[PDB]
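Structure first, commentary second.
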There are 2 protein chains.
Amino acid sequence: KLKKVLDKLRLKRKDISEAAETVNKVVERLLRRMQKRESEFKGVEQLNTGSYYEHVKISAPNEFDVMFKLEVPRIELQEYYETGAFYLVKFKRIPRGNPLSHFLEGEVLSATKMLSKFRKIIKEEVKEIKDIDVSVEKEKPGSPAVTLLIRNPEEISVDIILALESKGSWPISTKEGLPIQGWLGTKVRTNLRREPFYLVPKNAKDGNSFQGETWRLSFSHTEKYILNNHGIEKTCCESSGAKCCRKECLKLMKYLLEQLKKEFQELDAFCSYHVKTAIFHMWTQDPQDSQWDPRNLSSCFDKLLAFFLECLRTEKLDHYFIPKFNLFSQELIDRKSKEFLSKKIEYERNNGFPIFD
Amino acid sequence: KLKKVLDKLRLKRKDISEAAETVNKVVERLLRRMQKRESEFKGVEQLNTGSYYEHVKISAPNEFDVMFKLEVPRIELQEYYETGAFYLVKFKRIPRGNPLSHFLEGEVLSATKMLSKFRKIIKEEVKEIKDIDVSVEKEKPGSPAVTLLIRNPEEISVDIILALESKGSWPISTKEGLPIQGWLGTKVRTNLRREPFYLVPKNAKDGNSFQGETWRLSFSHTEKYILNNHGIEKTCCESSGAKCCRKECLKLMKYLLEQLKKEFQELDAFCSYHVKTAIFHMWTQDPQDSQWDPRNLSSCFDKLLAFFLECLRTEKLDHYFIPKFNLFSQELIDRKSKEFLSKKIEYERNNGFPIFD
DNA sequence: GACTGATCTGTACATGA
DNA sequence: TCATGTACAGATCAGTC
DNA sequence: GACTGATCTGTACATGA
DNA sequence: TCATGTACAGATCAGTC
Ligand SMILES: [Zn+2]
Ligand SMILES: [Zn+2]
């Protein structure tokens with residue numbers, strides 16, 4: 001039933017091999033340039049994130065997320081209002097001439113300036129690539145990335161995400177977040193929150209004050225770890241352990257939403273991170289690996305489905321790391337959208353999921 | 001029944017507090033001196049091991065194990081025969097004048113010279129302690145340590161173990177060892193074997209060739225990790241998880257052996273590491289946390305007990321990290337001892353464990 | 001500007017209810 | 001079984017050369 | 001003598017039986 | 001469901017300034 005859908009969604013190792021070849025080449029060139037010519041993004045490091053690197057990419061390997069993170073010492077964050085997600089970045093110490101002085105709009109590190117220079121460098125190096133059909137995509141509003149289109153005959157999109165790495169303790173807005181204590185445990189959560197955190201440009205085009213100096217938190221590293229260490233049992237999905245159907249449900253849900261989005265313009269507010277967040281909450285709700293046995297696929301997928309609908313009905317999907325940040329607020333998504341989606345989803349749920357063809 | 005015995009074996013937080021106070025003071029002074037006066041053990045670091053730091057110490061806090069580990073780059077090991085446990089230590093690179101040149105008997109690092117200088121320094125600093133009654137114990141044959149007796153009114157013994165730290169990949173004799181793949185998992189084992197390993201002086205007084213240049217492997221770091229991360233479930237014994245009776249069975253077994261040893265001279269070959277190794281094998285055999293529920297204490301303790309007897313009957317207790325190394329060989333322990341122990345143990349097992357009074 | 005001691009956060013354990 | 005206090009452990013921050 | 005590229009081991013995943 | 005081959009990831013070692 002659903003197993004056949006999962007077969008359809010499976011990536012093919014040939015496609016994977018070629019796409020990965022080309023992609024790795026381009027990425028390596030860009031990183032190296034970002035170090036080489038006496039840049040100010042020298043010292044940047046690489047961190048692969050997203051569905052492809054979590055092995056939850058569906059249909060095709062045509063989307064890649066790569067973080068160019070740069071450690072930026074001695075900073076102080078001023079929370080942008082009480083959003084929990086958004087911050088203004090200040091420095092204690094302008095070191096001397098300082099790489100990042102040119103990226104200052106006061107005491108405040110400007111996300112848009114930094115992003116513009118980043119973009120300029122990337123375009124420059126991309127012009128010098130003669131053996132691969134790679135180009136720079138026009139800037140998308142609300143993106144912290146420079147998106148590359150690769151004609152590896154087939155089209156592949158690569159988000160090169162500019163990030164700031166901070167080894168300090170996580171902002172307060174996350175203190176109640178990451179509620180894995182009953183699922184992955186206390187030692188795990190403690191070790192994860194000991195890790196650095198990351199800030200990417202918000203790059204909203206709304207016309208606000210502090211619009212180009214607003215940064216958003218990112219936890220793609222931690223999400224990667226969770227996707228790859230997802231059981232209560234350490235042997236879950238391991239070589240000497242047993243498979244769950246967690247990743248599978250994430251894939252099915254992702255696909256459902258992708259299709260429902262390609263057919264309806266009413267769902268342009270929705271992205272797969274909503275699905276991911278919701279499923280994090282579900283995995284925290286049903287921690288037991290037994291509650292995610294393959295033989296219970298259909299029911300498991302329904303459980304999640306049910307949960308999601310409730311999130312729409314209550315208009316309440318809390319951010320998994322920032323509990324005060326609601327993702328289904330009226331400010332971000334209109335009621336009408338959520339209701340429309342509840343309708344379509346319910347239909348599909350009561351009709352044997354016709355859309356899966 | 002056994003719960004009351006575990007109550008008797010429990011340490012008391014006052015005793016713990018005082019003993020720990022004094023002990024930490026002395027240890028800090030010794031480490032600092034080991035760094036300060038222009039030594040050759042400068043750069044040494046501390047690593048607390050053993051029952052006290054695993055929270056499996058029984059009766060009293062009168063025994064402490066502390067490793068002074070020193071990273072020793074660019075070495076090559078020659079396995080002492082096919083023992084798997086014993087090695088001769090050679091250098092690729094005599095760096096220049098080199099700290100450790102004085103500890104060389106050729107190309108071979110001498111364990112006894114190093115241990116002698118270590119001991120000399122420790123005695124020197126111990127003379128300078130005026131506020132605490134601390135002395136150096138006479139060297140024990142087969143010890144890689146300098147043992148301190150502290151009259152903190154009550155007597156406390158502290159083994160200061162000289163160790164060498166190597167970040168290279170683990171010797172081949174351990175390749176089949178650490179068989180946690182079904183219990184803690186594959187990722188765990190892989191990450192643990194990526195860690196450094198340690199060599200302590202064998203310090204046998206047997207009169208062999210290469211007697212004072214023979215080193216023994218140590219895995220007290222890994223054993224510490226296992227004791228503190230002992231479940232298949234990450235929440236085992238955690239604040240938002242459930243208790244097992246693993247540590248409890250280790251304690252009971254430890255105590256049984258301690259008593260049976262204090263009463264009988266026939267069991268001077270036996271140490272608690274045999275108990276620890278056996279229980280590692282049992283935890284690998286019964287990985288499920290459900291197989292270690294508190295309510296199944298008595299039976300669990302019996303299971304272990306049974307296992308141990310079999311190890312004596314077969315005269316086969318493999319080292320947990322070095323599978324080729326047998327601990328119940330005739331070379332190390334006489335049959336008569338193992339049989340005697342089987343007898344006493346069986347008696348206790350069939351008689352409601354009178355010895356526990 | 002770089003190295004060492006001081007401070008802070010949280011887990012495991014004892015204790016009291 | 002559930003709340004309160006101590007040790008241990010690791011990490012970050014503040015102070016000295 | 002210090003920094004970067006090359007080599008090696010193992011987990012997760014696709015494929016074939 | 002179980003054996004074979006590819007990507008990804010981290011670590012150590014060898015080669016260049
Ligand atoms: Zn799983
Ligand atoms: Zn446990």
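All residue numbers here begin at 1 and follow the chain in the order shown.
Looking at the header, which is where the method is noted, we find X-ray crystallography, 3.6 Å.
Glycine is no exception: its Cβ is also placed from the backbone N, Cα and C atoms.
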Original post:
In Swiss-Prot, the residues B:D65, B:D159, B:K202, B:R216, B:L217, B:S218 are said to bind 2',3'-cGAMP. Which of B:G142, B:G185, B:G231 is said to bind at that same site?
Top reply: B:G142
Original post:
Pick from B:6-11, B:18-23, B:72-77, B:114-119: which range does Swiss-Prot record as motif 'Nuclear export signal'?
Top reply: B:6-11
**OP:** Annotation ubiquitin cross-link in Swiss-Prot: match it to one of B:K57, B:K167, B:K316, please.
**Re:** B:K316
Original post:
Out of B:224-247, B:320-343, which range is noted as region 'DNA-binding' by Swiss-Prot?
Top reply: B:224-247
**OP:** Quick one: which of B:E82, B:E223, B:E310 does Swiss-Prot put in the ATP site with B:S51, B:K254, B:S272, B:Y273, B:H274, B:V275, B:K276?
**Re:** B:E223
Subject >> Per Swiss-Prot record, range annotated motif 'Nuclear localization signal' [choices B:34-44, B:133-143] >> reply: B:133-143
Subject >> Record-annotated ubiquitin cross-link (source Swiss-Prot) among candidates B:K187, B:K205, B:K344 >> reply: B:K187
Original post:
Taking each of the recorded positions B:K8, B:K254, B:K276 in turn and counting other Cβ atoms within 10 Å of its Cβ, which one has the fewest?
Top reply: B:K8
Subject >> Whole-number Å value for how far B:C311 (S-palmitoyl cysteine) lies from B:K254 (ATP binding site) (Cα to Cα) >> reply: 16
Original post:
Tell me, which recorded positions from B:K8, B:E223, B:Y273, B:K276, B:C311 are within 10 Å of B:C244 (S-palmitoyl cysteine) if we use the C-alpha atoms?
Top reply: none
**OP:** Consider only the recorded positions B:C244, B:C245, B:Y273, B:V275: which of them have a Cβ under 6 Å from an atom of ligand 2? Write none if no residue does.
**Re:** B:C244
Subject >> recorded positions compared (B:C244, B:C245, B:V275, B:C311) - the one with the fewest other Cβ atoms within 10 Å >> reply: B:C311
Original post:
CA-CA, which of the recorded positions B:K8, B:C245, B:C311 lies nearest B:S272 (ATP binding site)?
Top reply: B:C311
Original post:
Cα of B:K8 (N6-lactoyllysine) to Cα of B:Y273 (ATP binding site): how many Å, rounded?
Top reply: 22
